[PDB]
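Colleague: Contents of structure08.pdb (PDB, C-alpha atoms) are below:
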MODEL        1
ATOM      1  CA  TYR A   1      -2.194   3.044  15.859  1.00  0.00           C
ATOM      2  CA  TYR A   2      -3.182   5.706  13.329  1.00  0.00           C
ATOM      3  CA  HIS A   3      -2.917   3.686  10.117  1.00  0.00           C
ATOM      4  CA  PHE A   4      -6.045   1.962  11.428  1.00  0.00           C
ATOM      5  CA  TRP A   5      -7.904   4.956   9.997  1.00  0.00           C
ATOM      6  CA  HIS A   6      -7.368   3.676   6.455  1.00  0.00           C
ATOM      7  CA  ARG A   7      -6.039   0.159   7.038  1.00  0.00           C
ATOM      8  CA  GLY A   8      -8.380  -1.093   9.746  1.00  0.00           C
ATOM      9  CA  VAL A   9     -11.144   0.691   7.851  1.00  0.00           C
ATOM     10  CA  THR A  10     -10.219  -0.981   4.564  1.00  0.00           C
ATOM     11  CA  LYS A  11     -12.706  -3.648   5.645  1.00  0.00           C
ATOM     12  CA  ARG A  12     -15.563  -1.452   4.424  1.00  0.00           C
ATOM     13  CA  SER A  13     -13.531  -0.308   1.418  1.00  0.00           C
ATOM     14  CA  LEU A  14     -12.857  -3.898   0.358  1.00  0.00           C
ATOM     15  CA  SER A  15     -16.253  -5.383   1.213  1.00  0.00           C
ATOM     16  CA  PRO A  16     -17.438  -4.522  -2.323  1.00  0.00           C
ATOM     17  CA  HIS A  17     -14.894  -6.895  -3.862  1.00  0.00           C
ATOM     18  CA  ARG A  18     -14.352 -10.537  -4.819  1.00  0.00           C
ATOM     19  CA  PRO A  19     -16.777 -12.311  -2.446  1.00  0.00           C
ATOM     20  CA  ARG A  20     -14.744 -15.468  -3.052  1.00  0.00           C
ATOM     21  CA  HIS A  21     -12.087 -14.982  -0.372  1.00  0.00           C
ATOM     22  CA  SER A  22     -14.085 -12.173   1.238  1.00  0.00           C
ATOM     23  CA  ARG A  23     -15.454 -14.939   3.462  1.00  0.00           C
ATOM     24  CA  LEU A  24     -11.977 -15.526   4.891  1.00  0.00           C
ATOM     25  CA  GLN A  25     -11.004 -11.849   4.817  1.00  0.00           C
ATOM     26  CA  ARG A  26     -14.037 -10.494   6.669  1.00  0.00           C
TER      27      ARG A  26
ENDMDL
END
Do you think you could lay out the structure here as C-alpha cells?

Modeller:
Amino acid sequence: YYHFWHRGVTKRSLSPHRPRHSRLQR
C-alpha cells in the first residue's frame, strides 16, 4: 500500500488534535 504514506502516517498528523477520542484513535 502506498496511501500509507499519508494515511498510515496521519497518526502523527492527527496526534495534535482533540485528545478526547484520541485515546480510542491512537

Colleague: For atom CA of residue A:11 and atom CA of residue A:25, determine how far apart the two atoms are, in Å to one decimal place.

Modeller: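 Computing it gives 8.4 Å between the two atoms.
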
Colleague: Residues within 12 Å of residue A:22, please, as a list in words. Count all atoms listed in the file; anything in the same chain fewer than 6 positions from it doesn't count.

Modeller: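 Returned residues: residues 11, 12, 13, 14, 15 and 16 of chain A.
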
Colleague: Around all of stretch 6-24 of chain A's listed atoms, make the axis-aligned box with 4 Å on each side and tell me centre and edge lengths in Å to one decimal, as JSON.

Modeller:
{"center_x": -11.7, "center_y": -5.9, "center_z": 2.5, "size_x": 19.4, "size_y": 27.2, "size_z": 22.6}

Colleague: From the block you just saw, export chain A: C-alpha atoms, as an mmCIF file, in the first residue's frame.

Modeller:
data_model
loop_
_atom_site.group_PDB
_atom_site.id
_atom_site.type_symbol
_atom_site.label_atom_id
_atom_site.label_comp_id
_atom_site.auth_asym_id
_atom_site.auth_seq_id
_atom_site.Cartn_x
_atom_site.Cartn_y
_atom_site.Cartn_z
ATOM 1 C CA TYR A 1 0.000 0.000 0.000
ATOM 2 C CA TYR A 2 1.221 3.483 -0.915
ATOM 3 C CA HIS A 3 -1.555 5.575 0.631
ATOM 4 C CA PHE A 4 0.029 4.502 3.919
ATOM 5 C CA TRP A 5 2.499 7.322 3.279
ATOM 6 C CA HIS A 6 -0.142 9.919 4.148
ATOM 7 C CA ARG A 7 -2.939 7.796 5.613
ATOM 8 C CA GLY A 8 -0.999 5.451 7.876
ATOM 9 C CA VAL A 9 1.137 8.460 8.769
ATOM 10 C CA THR A 10 -1.897 10.592 9.612
ATOM 11 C CA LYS A 11 -1.416 9.230 13.130
ATOM 12 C CA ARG A 12 1.319 11.805 13.733
ATOM 13 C CA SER A 13 -0.607 14.451 11.794
ATOM 14 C CA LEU A 14 -3.707 13.935 13.937
ATOM 15 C CA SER A 15 -1.991 13.423 17.293
ATOM 16 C CA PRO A 16 -2.169 17.201 17.877
ATOM 17 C CA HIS A 17 -5.972 17.121 17.894
ATOM 18 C CA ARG A 18 -8.972 16.524 20.156
ATOM 19 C CA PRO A 19 -7.438 14.311 22.877
ATOM 20 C CA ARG A 20 -10.986 13.224 23.712
ATOM 21 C CA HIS A 21 -11.326 10.362 21.227
ATOM 22 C CA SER A 22 -7.590 10.409 20.513
ATOM 23 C CA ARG A 23 -7.431 7.718 23.197
ATOM 24 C CA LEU A 24 -9.506 5.397 21.009
ATOM 25 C CA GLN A 25 -7.931 6.579 17.753
ATOM 26 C CA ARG A 26 -4.293 6.120 18.764
#
